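Sequence lines set the chain letters: A, B, ... in the order given, protein chains first and strands last, and positions in each chain run from 1. As a basis for the values below, the full set of heavy atoms in this structure was taken, side chains included, without hydrogen atoms, waters or symmetry mates.
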Amino acid sequence: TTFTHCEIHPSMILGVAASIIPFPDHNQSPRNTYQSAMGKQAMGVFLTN
Amino acid sequence: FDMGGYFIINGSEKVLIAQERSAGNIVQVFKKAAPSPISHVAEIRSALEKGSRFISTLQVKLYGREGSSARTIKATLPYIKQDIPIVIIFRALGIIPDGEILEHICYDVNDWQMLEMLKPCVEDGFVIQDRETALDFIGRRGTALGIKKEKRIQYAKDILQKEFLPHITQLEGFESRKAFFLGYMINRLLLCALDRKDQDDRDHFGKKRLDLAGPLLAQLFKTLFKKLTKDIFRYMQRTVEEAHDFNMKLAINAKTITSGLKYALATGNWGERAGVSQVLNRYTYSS
Amino acid sequence: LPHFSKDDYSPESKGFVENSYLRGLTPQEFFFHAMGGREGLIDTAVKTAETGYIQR
Amino acid sequence: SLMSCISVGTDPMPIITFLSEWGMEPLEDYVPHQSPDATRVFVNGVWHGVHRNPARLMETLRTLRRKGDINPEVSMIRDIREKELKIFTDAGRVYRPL
Amino acid sequence: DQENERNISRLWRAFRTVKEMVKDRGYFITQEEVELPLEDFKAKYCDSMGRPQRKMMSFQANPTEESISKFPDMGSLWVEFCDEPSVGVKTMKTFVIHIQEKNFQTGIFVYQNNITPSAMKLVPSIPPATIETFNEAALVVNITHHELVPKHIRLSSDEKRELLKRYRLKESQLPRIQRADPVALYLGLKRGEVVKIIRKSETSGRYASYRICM
Amino acid sequence: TXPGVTXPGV
Amino acid sequence: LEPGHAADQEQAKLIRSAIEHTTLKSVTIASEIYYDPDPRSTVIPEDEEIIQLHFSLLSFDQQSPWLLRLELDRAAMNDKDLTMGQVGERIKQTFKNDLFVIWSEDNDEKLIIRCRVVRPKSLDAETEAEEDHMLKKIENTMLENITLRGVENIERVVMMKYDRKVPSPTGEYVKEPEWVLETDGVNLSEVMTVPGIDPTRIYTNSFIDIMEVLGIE
Amino acid sequence: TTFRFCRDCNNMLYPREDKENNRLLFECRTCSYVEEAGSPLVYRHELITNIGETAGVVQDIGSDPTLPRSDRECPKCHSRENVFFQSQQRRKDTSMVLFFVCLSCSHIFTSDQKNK
Amino acid sequence: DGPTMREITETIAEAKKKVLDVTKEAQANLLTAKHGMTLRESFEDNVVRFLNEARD
DNA sequence: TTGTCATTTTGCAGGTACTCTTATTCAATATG
RNA sequence: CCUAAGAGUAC
DNA sequence: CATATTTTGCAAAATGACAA
Ligand SMILES: [Zn+2]
Ligand SMILES: [Zn+2]
């Protein structure tokens, strides 16, 4: 007990692509890397206009 | 939902990828391999933000391996063909006595190990006992080789004022500050050589800087506007030597800045590096 | 990590993941596992390039 | 990362004035023998002088940055073992909130 | 005297390796001389002062009947040991003239440390006499007994002709062995001569290769 | 070395 | 090892000591240079017993007043079969009579080696000033050039217990253990000639050395 | 070694042989300042350096939050709380022995056992 | 099941206790360096071996 | 009439396939 | 059409 | 007004002496 700061939330260490992964802490890390690289190739609605 | 943060060049959305680089004005000490004669090298990538924005690399190298006896420390000054011994630099800056030099280098009297490791430097520099002599020595090592003997002093003064540690100052009268900084660099080098601190990690993210759109566009515009103002000066010289009339519109060429910025943003290359500007990916929002 | 004190050589401080994938990894264990996986990926790329050259 | 930002750089003159006001010894008249346990103060990698009471200086710098008088992007590091005080205000530094 | 004991032990090992080398070359050396014990060697070739003598350690060998039948062109051989650590021009000259006047086609010089390059240039004497120099340190351990070293048998000219004829080979199409290889020095190969190599293969029990000296 | 990583040497 | 001494652990230790390279740098705790006006008495009370043994047992008027003192490590002399007499003999042999060397006994509390460069009969009015520098150079070369024991290019030797298949006299192939030495660094030519080992069975990772020592095959 | 400087021109002093008294004499190389010698030692070379392991200790070392705390006995105050850290000598062969600084007395004591 | 998870946790705790004891021995300098490696390398080797056999 | 040993310069190339998009082609002063 | 650059797929 | 030109891994090969 000599802390100077506190993390706002640990899940904020992740990036934009890795924040989509559900339960990323229950996965082997290369799988998380694969999903991070592969969700950019996912198909959806890029813009409303 | 569109977030912005990108340019539209010729109707194409271009984004500037943040370019990573090593931070400037930080002293880093690195060990060297066995075959090399220098064992440890302390270097600083000196640069000034509010000036010419030029990179001048000062290196302080410790010659001789662990088993070697002649462990002389030498500095690589810019525009000098040889590695000048450090004590010569201290005497050139204006610190003649050996005790004052060692005080500027070593901050602990009891640290006799550093003094023992540093004695070869003063032994090497004993031949020069005067500031003017050291300045003449540096000028003689000067790579220009187009200066008379009595003006070599001035040339060395210019080297030690406008080229040696620019990030500290460019004016005169701050010799003591640069001498103190050189002593600090040698102190760090000797601490690393004495196995008191590990060599600096090049991968430490706190030693890295990310150039965003701001600094990148700033340096590109600095180069481009320097080109434009040189063109303005050339036009003024041409129109005054030919005694023609002077006009502002005929002087300025906005095409220079416009085309330069548009070319740097339209193509990946950043000049006149590659892939600095990339087509914004619009396959998905997260992309 | 800045979440440990200086000179901590405990298994948790230097990358021992005592949790299974079923239980889930703590943030520090998650980061250490990420470092291990990054090493694996880099090794894979280097190995495939080097093996191609050697095979040729 | 989601909450990571990059500093845009600020002018270090106000911080240098604060340091001089609060008791930073100028480097020109610094004699190491008379001040052995002096903390060297660096601003953007430029050794500006030494301070004899680094604890109070760091405390007041933290207070000023925590009330907004110093720009929050400015990073201040106190290395006790090395007896150094580094202040960085240049652009390109990546930070996160805590 | 421990240094003297180790020196005489190394000299005895070198003598054993030299005798083995000469016997392998096809000359008549009885098995008893090869297996000579340390005490007998110390009694014969070492004085009462404990310093071994090399002048009476040098010897002469002659080809055996089988070698003469197979190689009817090679005669007596001379092996010499030098006493002084460094061999000068005068001693090498005496050795080579002694070789020449005794009609030896081969003479092995065994030196202690080194040969002066001024004596190396005069090592090639008038043919067919050949001079081979060996360092005692290199002759302490017989390399041919190492399990990695397979069996080497020099081929006669008729055997080499038959080998080239049966396999339709030219001189250059055989595998090469350098004329500086330790086994080639051990057997005294000359350029153009082919050694048959007997090896214990693991796919077949026995495998015979051939290497031509270059 | 190599190249890369001539020789050495040449 | 030799087949008759394959399992003999102390013989394996003997061979390990015999081949492993040892330098003074791995043994000397520290080195110093002192100014003793006479080579008959010392100003250090600790090592006065050494001089009052050596001088009493035993010329000295041609010895430089400068002295080089080496303090060794007890642990270094313990883990390796090295003693004060051995290192003193090595120094005396490698420096001939040019350096007068004395050493404390092994049972003494501190391992001390005292060296003085002998003075040639020719008088010099300038070599006296640089005598200290000369002694420094001698200390430098004494740290690395000379070898206490072992052959060169042998950084470190370790001993392992392997288990090979040996045909039993009754006929079967039984598991028989042996002591085997693994050496960092390759000096195949010099190691192979060391007595007590099996010269036939020596092997090396560096097949270049095998080729240039044993042969192309 | 404890090197000393000339008090006339602030320069180094080198050892020098003497004949009249056969004594070590420290001399200046530029102003001929000459004086006696405090100790016969003129050069020390630490092959195994023991000092520097406790380096970096400062009168307010307890203010560092990253330094771990401990309740080990302080054999000058008998206080529990103190800070501890391993050897500061960055050689690869140094031992993992710990050092403790009491925050009420600033006395450094080790966890070694051969020394004790 | 529950008993197996409890036994696994007990095994991990026992291995961590052994690592802590080795750390106490090393920090008291009572640990002896394996021939061919330094003190720190021997300590790291022991810790890694204990953790690996714990996981196994 | 022969070895010796000890600094200063010497060349470089990085796996196999495959898909897509974007930009750019010397600017400008000068003579016919 | 050429060239260059960037992004990406399977190893 | 339009075309023309101004990061990485070393063992040697070579050099300057040289010493009588
Ligand atoms: Zn003086
Ligand atoms: Zn206390």
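For B:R65, the CZ atom is densely surrounded, since the number of other residues' heavy atoms within 6.0 Å is greater than 12. Atom OH of C:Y21 is surrounded by more than 12 heavy atoms from other residues, nucleotides or ligands within 6.0 Å. Annotation: E:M120, atom CE; neighbour count of heavy atoms from other residues, nucleotides and ligands within 6.0 Å is above 12. Counting heavy atoms of neighbouring residues, nucleotides and ligands inside a 6.0 Å radius, atom CZ of B:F246 exceeds 12 of them.
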Short heteroatom pairs, N/O only, protein and nucleotides 14-20 of chain L, under 3.5 Å:
none

Is there any protein nitrogen or oxygen under 3.5 Å from a nitrogen or oxygen in nucleotides 7-9 of chain K, and what are the pairs?
residue : atom : partner : partner atom : Å
K:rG8   : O3'  : A:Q41   : NE2          : 2.7
K:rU9   : OP1  : A:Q41   : NE2          : 2.9

Write down the protein N/O and nucleotide N/O pairs, taken from nucleotides 18-20 of chain J, whose separation is under 3.5 Å; answer none if there are no such pairs.
none

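Salt bridge annotation for B:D200-B:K207: absent, with no cationic side-chain nitrogen under 4.0 angstrom from a carboxylate oxygen.
Applying the ring pair (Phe, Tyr, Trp, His ring centres under 6.0 Å) criterion to C:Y53, with sequence neighbours excluded, gives no partner residue.
Taking 4.5 Å as the limit, some side-chain heavy atom of B:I89 sits within range of a side-chain heavy atom of B:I138. E:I99 has its side chain out of reach of E:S125: every pair of non-hydrogen atoms, C-beta onward, lies at least 4.5 Å apart.
Between L:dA20 and J:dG11, the two P atoms lie 37 Å apart (nearest whole Å). For the P atom pair drawn from K:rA10 and J:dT10, the interatomic distance equals 47 Å after rounding to whole Å. Across J:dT8 and L:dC10, the matching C1' atoms stand 14 Å from one another, rounded to whole Å. On the P atoms, J:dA17 is 43 Å away from L:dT5, given to the nearest whole Å. For the P atom pair drawn from K:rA5 and J:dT25, the interatomic distance equals 15 Å after rounding to whole Å. Comparing J:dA6 with L:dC18, their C1' atoms are spaced 12 Å from each other, to the whole Å. Taking atom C1' on both nucleotides, L:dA4 is separated from J:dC20 by 40 Å, rounded to a whole Å. As rounded to the nearest Å, J:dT21 and L:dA2 have P atoms that lie 37 Å from one another.
When the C1' atom of J:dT4 is taken as reference, atom CG of E:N114 falls 15 Å away, rounded to whole Å. Between the P atom of J:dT1 and the CG atom of E:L122 lies a distance of 13 Å, rounded to the nearest Å. Rounded to an integer number of Å, the gap from CH2 of B:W270 to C1' of K:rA4 is 18 Å. If you take CD of B:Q82 and P of J:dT8, they are 10 Å apart, rounded to a whole angstrom. K:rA4 atom P lies 22 Å from atom CZ of B:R273, rounded to whole Å. Look at CG on B:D83: it is 17 Å from P on J:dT7, rounded to the nearest Å.
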Distance-only check: which donor-acceptor pairs under 3.5 Å involve side-chain atoms of residues 209-234 of chain B, not counting sequence neighbours?
residue : atom : partner : partner atom : Å
B:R209  : NE   : D:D90   : OD2          : 3.1
B:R209  : NH1  : B:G206  : O            : 3.2
B:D211  : OD1  : B:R21   : NE           : 2.8
B:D211  : OD1  : B:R21   : NH2          : 3.3
B:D211  : OD2  : B:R21   : NE           : 3.1
B:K222  : NZ   : B:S52   : O            : 2.4

Without placing hydrogens or testing angles, list every side-chain donor-acceptor pair under 3.5 Å for residues 205-215 of chain G, not counting sequence neighbours.
residue : atom : partner : partner atom : Å
G:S206  : OG   : G:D209  : OD2          : 2.7

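No side-chain N or O of B:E66 forms a donor-acceptor pair with one of B:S39 less than 3.5 Å apart. Side-chain contact annotation: B:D83 with B:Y63, donor-acceptor N/O pair under 3.5 Å present. In summary, the side chains of G:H21 and G:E152 do present a donor paired with an acceptor at a separation below 3.5 Å, with no hydrogens or angles considered. Residues B:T267 and B:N269 bring a donor and an acceptor atom of their side chains to less than 3.5 Å of each other. Side-chain contact check for B:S46 and B:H167: at least one donor-acceptor pair (N or O, by modelled atom type) lies under 3.5 Å.
Legend: salt bridge (charged side-chain N to carboxylate O under 4.0 Å, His left out) pairs involving residues 11-20 of chain B, not counting sequence neighbours, sorted by first then second residue: B:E13-B:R282, B:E20-B:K208. Applying the salt bridge (charged side-chain N to carboxylate O under 4.0 Å, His left out) test to pairs two or more places apart or on separate chains, those with a residue in residues 27-36 of chain B are B:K31-B:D195. Residue pairs meeting the salt bridge (charged side-chain N to carboxylate O under 4.0 Å, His left out) criterion with at least one member in residues 244-263 of chain B, sequence neighbours excluded, do not occur.
Sugar pucker annotation for J:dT9: south, assigned from a negative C1'-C2'-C3'-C4' dihedral. Judged by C1'-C2'-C3'-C4', the furanose ring of J:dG15 adopts a north pucker. For L:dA14, the sign convention on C1'-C2'-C3'-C4' gives a south pucker, since the angle is negative. Using the sign of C1'-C2'-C3'-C4' as the criterion, J:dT16 is classed as a north pucker.
Residue contacts shown for E:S118 are limited to sugar-phosphate atoms, with no base heavy atom under 4.0 Å away.
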Margin query: What does the B/S/- profile of nucleotides 22-32 of chain J look like, 5' to 3', with a 4.0 Å heavy-atom cutoff to protein?
Written below: SSS---S----
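Closest to the F:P8 side chain, of the nucleotides L:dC10, K:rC11, J:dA13, is L:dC10.
DNA chain J is contacted by no residue of residues 200-221 of chain B, taking any non-hydrogen atom closer than 4.0 Å.
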Check: For DNA chain L, what string of dots and brackets results from 5' to 3' when Watson-Crick and G-U pairs need both distances under 3.5 Å, crossing pairs get [ ], and pairs with another strand get |?
Finding: ||||||.||.|||...||||
